[PDB]
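A.B. asks: Below you'll find the structure I mean.
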Amino acid sequence: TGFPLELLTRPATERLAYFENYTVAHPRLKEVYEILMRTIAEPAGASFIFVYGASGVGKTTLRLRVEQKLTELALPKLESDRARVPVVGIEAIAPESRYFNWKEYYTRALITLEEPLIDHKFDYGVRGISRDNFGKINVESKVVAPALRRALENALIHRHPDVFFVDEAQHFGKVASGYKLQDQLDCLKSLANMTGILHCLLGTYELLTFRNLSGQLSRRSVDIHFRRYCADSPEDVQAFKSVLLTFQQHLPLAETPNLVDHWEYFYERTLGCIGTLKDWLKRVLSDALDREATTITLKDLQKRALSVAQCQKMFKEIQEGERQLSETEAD
Amino acid sequence: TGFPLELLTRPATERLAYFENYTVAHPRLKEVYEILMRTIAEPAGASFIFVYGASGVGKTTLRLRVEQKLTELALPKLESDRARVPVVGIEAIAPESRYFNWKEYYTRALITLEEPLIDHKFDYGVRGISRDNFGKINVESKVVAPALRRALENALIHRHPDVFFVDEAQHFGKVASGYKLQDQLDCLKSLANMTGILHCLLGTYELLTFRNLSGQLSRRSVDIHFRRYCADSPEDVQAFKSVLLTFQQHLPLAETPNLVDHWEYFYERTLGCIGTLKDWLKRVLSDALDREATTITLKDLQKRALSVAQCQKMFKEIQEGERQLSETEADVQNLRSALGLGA
DNA sequence: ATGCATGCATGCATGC
DNA sequence: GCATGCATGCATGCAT
Ligand SMILES: Nc1ncnc2c1ncn2[C@@H]1O[C@H](COP(=O)(O)OP(=O)(O)NP(=O)(O)O)[C@@H](O)[C@H]1O
Ligand SMILES: Nc1ncnc2c1ncn2[C@@H]1O[C@H](COP(=O)(O)OP(=O)(O)NP(=O)(O)O)[C@@H](O)[C@H]1O
Ligand SMILES: [Mg+2]
Ligand SMILES: [Mg+2]
């Protein structure tokens with residue numbers, strides 16, 4: 001059906017905002033979203049759900065779509081119990097020091113599950129941790145790590161989120177030493193087990209080595225490979241062409257540019273990633289709107305495209321990750 | 001058009017000040033400035049803008065120009081959006097320790113986001129961060145780094161600056177171990193992604209070690225090469241001739257000396273970085289004004305030029321930078337062939 | 001006036 | 001041995 005035609009009478013800002021809000025439900029995304037939703041609907045005794053994808057494949061967008069859907073689902077049940085929390089999600093902070101700071105992570109976890117109805121669980125065993133003089137929670141600096149962890153466990157078991165999201169969980173990987181890496185993921189696992197809360201990890205292929213330090217991790221968790229569209233298969237090429245056609249039909253410009261015929265050039269840079277493709281089209285459309293142009297030329301794509309040096313490194317990284325996603329059976 | 005002739009009646013300080021304030025809009029600076037402007041106007045999820053080039057090329061001047069232009073643009077809307085700070089800029093501190101110190105960086109970042117009017121941002125952090133009844137937002141020493149970072153992010157998301165400027169970005173390369181370099185920029189990437197604030201990083205080619213730290217970071221970054229003029233192409237030589245003619249016209253003196261004739265020497269001891277040429281000309285003009293001479297001689301230019309060893313070292317660094325920064329259609333075809341059929 | 005909350009002063013393990 | 005950060009120790013202030 002394309003974009004609404006009346007947007008052409010609107011200023012450039014409105015049209016640009018429209019494009020950003022508009023979403024493409026591509027089939028790989030639908031598959032991954034459905035799988036993740038179904039796995040959320042039934043833990044099956046697995047403490048972790050790992051969603052690893054090539055950068056730009058839609059990971060964070062997927063995570064967001066999941067929170068919206070679960071909030072829509074949980075609002076009717078939230079009617080009854082105000083205290084219960086639907087979903088908690090936060091990005092893992094990359095540490096500036098040698099290793100991951102779990103203390104700051106616990107503080108930000110407590111901040112994330114902050115509830116306006118604080119009167120339900122105003123005391124987690126706190127040394128002045130609860131909010132005061134401001135809406136935001138004021139965690140006491142001198143509180144030791146185990147006490148903060150206990151308070152976080154109490155808050156989790158009180159609110160009981162359906163699933164706990166860690167955005168860009170590749171950061172957990174940073175650690176001071178090769179042998180000390182074994183402890184982080186297992187500590188997170190212990191926290192998940194005691195709380196009983198389903199934890200989900202989203203990140204790049206960097207966590208793949210962090211993923212399978214032993215077979216126990218594979219046994220106790222579920223893998224969701226957010227695969228990109230691969231030019232090797234004509235199926236993925238056709239899907240990519242369909243996505244390009246949808247973007248051509250939905251970008252707010254007077255004349256729809258023929259993006260489809262330049263699919264090879266788009267793949268060259270995007271590498272089958274829809275998010276990178278969407279970002280590139282947003283760049284080009286913003287350029288055109290600021291020029292008040294009428295159509296998109298290949299020069300427009302070239303001007304805001306990623307440098308071929310960037311694409312080379314990106315392709316090497318994703319190809320290495322995909323090859324790593326080939327562990328064989330012990331049979 | 002030349003300098004205002006009335007300046008000749010003014011003292012030497014005014015004559016020098018006019019030339020110091022004088023600016024040249026040479027084409028490559030305009031191209032880079034336009035690209036940076038357009039990228040800032042649309043972050044498009046990109047987390048980093050890497051602007052790098054040789055020493056003396058115009059990068060800091062660009063940082064000041066974009067700051068002023070964005071402030072001017074946002075002022076009419078700043079008349080309604082009081083809490084906003086359009087552009088904030090800070091210079092990375094070269095650390096005395098073997099590794100960069102993030103604590104001082106965060107403290108100076110908060111200091112950079114300062115408004116004598118406390119009303120716009122009444123609360124900045126947990127404790128030990130509020131101002132001491134003065135405009136300066138002094139930070140208590142015992143405040144640990146993670147809480148400091150949290151306060152910085154809470155201040156940033158409230159002020160919501162369009163772009164965060166980190167000048168002289170090469171100091172981020174100071175680290176104790178090799179692959180810890182990934183983690184050094186990963187921290188800033190996490191800050192940018194959490195705060196939703198686009199970071200522009202400016203520095204020399206020493207920062208090229210950051211260029212492909214990771215595929216994620218490669219996607220998140222945009223490269224803007226501040227090209228210095230290369231004598232191998234007659235186009236750059238023509239542009240350099242135009243710049244030299246403009247400087248010859250605009251320097252205040254009794255007569256305009258023929259700087260154009262000595263373009264070979266100027267390129268020899270400037271490597272085509274117009275900032276160094278401007279600075280050298282300012283030095284020579286200052287010498288002339290101190291002598292109150294009517295004209296610039298080649299001897300004056302020689303008296304305060306750069307040493308041949310310095311020029312050789314600069315060229316040796318620039319050659320490595322450009323070699324790292326080169327791309328050919330053969331590389332594109334090689335990439336395409338790996339992907340599938342290549343055209 | 002007596003226990004408790006907090007802020008500053010040692011202190012130590014780390015880090016080198 | 002200096003430099004660094006967290007932790008606690010001591011001490012004072014508070015307030016009921
Ligand atoms: N299928 C999609 N439909 C609509 N918007 C999308 C889609 N995929 C990506 N986007 C847009 O792209 C951005 C999020 O892309 P995202 O999935 O986070 O890429 P990403 O690689 O996961 N981010 P990161 O991994 O940290 O570099 C948002 O602006 C989304 O609107
Ligand atoms: N385009 C320009 N127009 C006018 N003056 C310029 C220009 N570029 C540089 N300059 C002059 O060069 C000096 C600043 O150059 P600058 O951009 O700071 O070089 P720089 O390499 O960034 N300094 P640094 O990086 O610390 O070595 C000032 O004296 C400016 O007047
Ligand atoms: Mg993402
Ligand atoms: Mg400079």
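Every chain in the structure tokens takes a letter, A first, then B, and so on in the order presented; its residues are numbered from 1, and the ligands are numbered from 1 following the presented order.
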DSSP says alpha helix (DSSP H) for which residues of stretch 34-245 of chain B? Put them as a PyMOL selection string?
C.D. replies: chain B and resi 34-41+59-78+102-112+145-159+180-195+215-220+234-245
A.B. asks: Just the residues within 12 Å of residue C:15, please, counting only C-alpha atoms (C1' of nucleotides), with nothing from its chain fewer than 5 positions along; format it as an MDAnalysis selection string.
C.D. replies: chainID D and resid 2:5
A.B. asks: Kindly determine which residues of chain A lie within 12 Å of chain D, considering only C-alpha atoms (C1' of nucleotides), and give the answer as a PyMOL selection string.
C.D. replies: chain A and resi 141-145
A.B. asks: Output the selection as a PDB file, in the first residue's frame - N, CA and C atoms for each residue.
C.D. replies:
```pdb
ATOM      1  N   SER A 141      26.581   4.204  48.341  1.00  0.00           N
ATOM      2  CA  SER A 141      27.856   3.793  47.762  1.00  0.00           C
ATOM      3  C   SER A 141      28.544   2.730  48.609  1.00  0.00           C
ATOM      4  N   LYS A 142      28.509   2.880  49.934  1.00  0.00           N
ATOM      5  CA  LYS A 142      29.280   2.000  50.804  1.00  0.00           C
ATOM      6  C   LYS A 142      28.651   0.624  50.975  1.00  0.00           C
ATOM      7  N   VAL A 143      27.463   0.389  50.411  1.00  0.00           N
ATOM      8  CA  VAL A 143      26.839  -0.923  50.514  1.00  0.00           C
ATOM      9  C   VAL A 143      27.711  -1.956  49.820  1.00  0.00           C
ATOM     10  N   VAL A 144      28.011  -3.047  50.529  1.00  0.00           N
ATOM     11  CA  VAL A 144      28.870  -4.082  49.967  1.00  0.00           C
ATOM     12  C   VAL A 144      28.146  -4.814  48.842  1.00  0.00           C
ATOM     13  N   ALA A 145      28.932  -5.493  48.009  1.00  0.00           N
ATOM     14  CA  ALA A 145      28.359  -6.216  46.878  1.00  0.00           C
ATOM     15  C   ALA A 145      27.385  -7.320  47.280  1.00  0.00           C
TER      16      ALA A 145
END
```
A.B. asks: Using only C-alpha atoms (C1' of nucleotides) and a distance of at most 12 Å, pull out the residues of chain C that contact chain B, as a PyMOL selection string.
C.D. replies: chain C and resi 7-8+16
A.B. asks: Include C-alpha atoms (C1' of nucleotides) and write out the residues we just selected as a compact mmCIF listing (two decimals), in the first residue's frame.
C.D. replies:
```txt
# COMPACT_ATOMS: atom_id res chain seq x y z
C1' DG C 7 31.74 11.78 57.65
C1' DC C 8 36.23 11.84 57.78
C1' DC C 16 54.03 -1.67 40.20
```
A.B. asks: Provide as a ChimeraX atom specification the residues of chain B at most 6 Å from chain A, counting only C-alpha atoms.
C.D. replies: /B:44,187,190,215-216,218
A.B. asks: For the selection just defined, write its residues with N, CA, C and O atoms to a file, as a PDB file, in the first residue's frame.
C.D. replies:
```pdb
ATOM      1  N   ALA B  44      21.534   8.675  12.822  1.00  0.00           N
ATOM      2  CA  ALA B  44      21.144   7.423  12.175  1.00  0.00           C
ATOM      3  C   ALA B  44      21.704   6.213  12.914  1.00  0.00           C
ATOM      4  O   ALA B  44      22.166   5.244  12.308  1.00  0.00           O
ATOM      5  N   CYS B 187      34.144   0.977  26.193  1.00  0.00           N
ATOM      6  CA  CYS B 187      33.546   1.770  27.264  1.00  0.00           C
ATOM      7  C   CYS B 187      32.820   2.986  26.697  1.00  0.00           C
ATOM      8  O   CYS B 187      31.667   3.266  27.052  1.00  0.00           O
ATOM      9  N   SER B 190      29.674   1.927  24.873  1.00  0.00           N
ATOM     10  CA  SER B 190      28.591   1.684  25.819  1.00  0.00           C
ATOM     11  C   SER B 190      27.984   2.994  26.289  1.00  0.00           C
ATOM     12  O   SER B 190      26.757   3.117  26.389  1.00  0.00           O
ATOM     13  N   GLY B 215      33.846  -5.491  14.440  1.00  0.00           N
ATOM     14  CA  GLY B 215      32.824  -5.324  13.423  1.00  0.00           C
ATOM     15  C   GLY B 215      31.648  -4.497  13.899  1.00  0.00           C
ATOM     16  O   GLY B 215      31.128  -3.663  13.153  1.00  0.00           O
ATOM     17  N   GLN B 216      31.209  -4.721  15.138  1.00  0.00           N
ATOM     18  CA  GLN B 216      30.181  -3.874  15.734  1.00  0.00           C
ATOM     19  C   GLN B 216      30.615  -2.415  15.734  1.00  0.00           C
ATOM     20  O   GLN B 216      29.873  -1.525  15.297  1.00  0.00           O
ATOM     21  N   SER B 218      32.909  -1.118  13.906  1.00  0.00           N
ATOM     22  CA  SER B 218      33.049  -0.695  12.517  1.00  0.00           C
ATOM     23  C   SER B 218      31.717  -0.221  11.954  1.00  0.00           C
ATOM     24  O   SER B 218      31.653   0.805  11.267  1.00  0.00           O
TER      25      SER B 218
END
```
A.B. asks: Please return as a PyMOL selection string the residues found within 9 Å of ligand 1, counting only C-alpha atoms (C1' of nucleotides) and all ligand atoms.
C.D. replies: (chain A and resi 19-26+29+53-63+167-168+202-204+273-279) or (chain B and resi 44-47+193+216-217+219-220)
A.B. asks: Residues within 10 Å of ligand 4, counting only C-alpha atoms (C1' of nucleotides) and all ligand atoms: report them as a list in words.
C.D. replies: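 Within the 10 Å cut-off, the matching residues are residues 53, 54, 55, 56, 57, 58, 59, 60, 61, 62, 63, 167, 168, 202, 203, 204 and 275 of chain B.
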A.B. asks: I need the contact residues of chain B against chain D, so if you could list those with any atom within 12 Å, counting only C-alpha atoms (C1' of nucleotides), and return them as a VMD selection string, that would help.
C.D. replies: chain B and resid 97 101 103 141 to 145
A.B. asks: Based on the backbone DSSP call, show me all residues of stretch 144-233 of chain A assigned strand (DSSP E), as a list in words.
C.D. replies: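 Going through stretch 144-233 of chain A, the strand (DSSP E) residues come out as residues 163, 164, 165, 166, 167, 198, 199, 200, 201, 202, 203, 221, 222, 223, 224, 225 and 226 of chain A.
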A.B. asks: Please, could you write that set of residues out with C-alpha atoms as a PDB file, in the first residue's frame?
C.D. replies:
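Final output, out.pdb:
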```pdb
ATOM      1  CA  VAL A 163      11.912 -12.436  31.553  1.00  0.00           C
ATOM      2  CA  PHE A 164      15.114 -10.498  32.244  1.00  0.00           C
ATOM      3  CA  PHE A 165      16.838  -8.937  29.232  1.00  0.00           C
ATOM      4  CA  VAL A 166      20.530  -8.072  28.988  1.00  0.00           C
ATOM      5  CA  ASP A 167      21.198  -5.969  25.922  1.00  0.00           C
ATOM      6  CA  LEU A 198      14.209 -16.280  33.082  1.00  0.00           C
ATOM      7  CA  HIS A 199      17.296 -14.435  31.900  1.00  0.00           C
ATOM      8  CA  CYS A 200      17.852 -13.606  28.234  1.00  0.00           C
ATOM      9  CA  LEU A 201      21.128 -12.524  26.635  1.00  0.00           C
ATOM     10  CA  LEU A 202      21.340 -10.592  23.361  1.00  0.00           C
ATOM     11  CA  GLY A 203      24.602  -9.786  21.635  1.00  0.00           C
ATOM     12  CA  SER A 221      20.107 -22.726  27.740  1.00  0.00           C
ATOM     13  CA  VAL A 222      18.436 -22.187  24.368  1.00  0.00           C
ATOM     14  CA  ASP A 223      20.185 -20.872  21.256  1.00  0.00           C
ATOM     15  CA  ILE A 224      18.493 -18.434  18.865  1.00  0.00           C
ATOM     16  CA  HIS A 225      20.710 -17.695  15.857  1.00  0.00           C
ATOM     17  CA  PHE A 226      19.495 -14.399  14.429  1.00  0.00           C
TER      18      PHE A 226
END
```
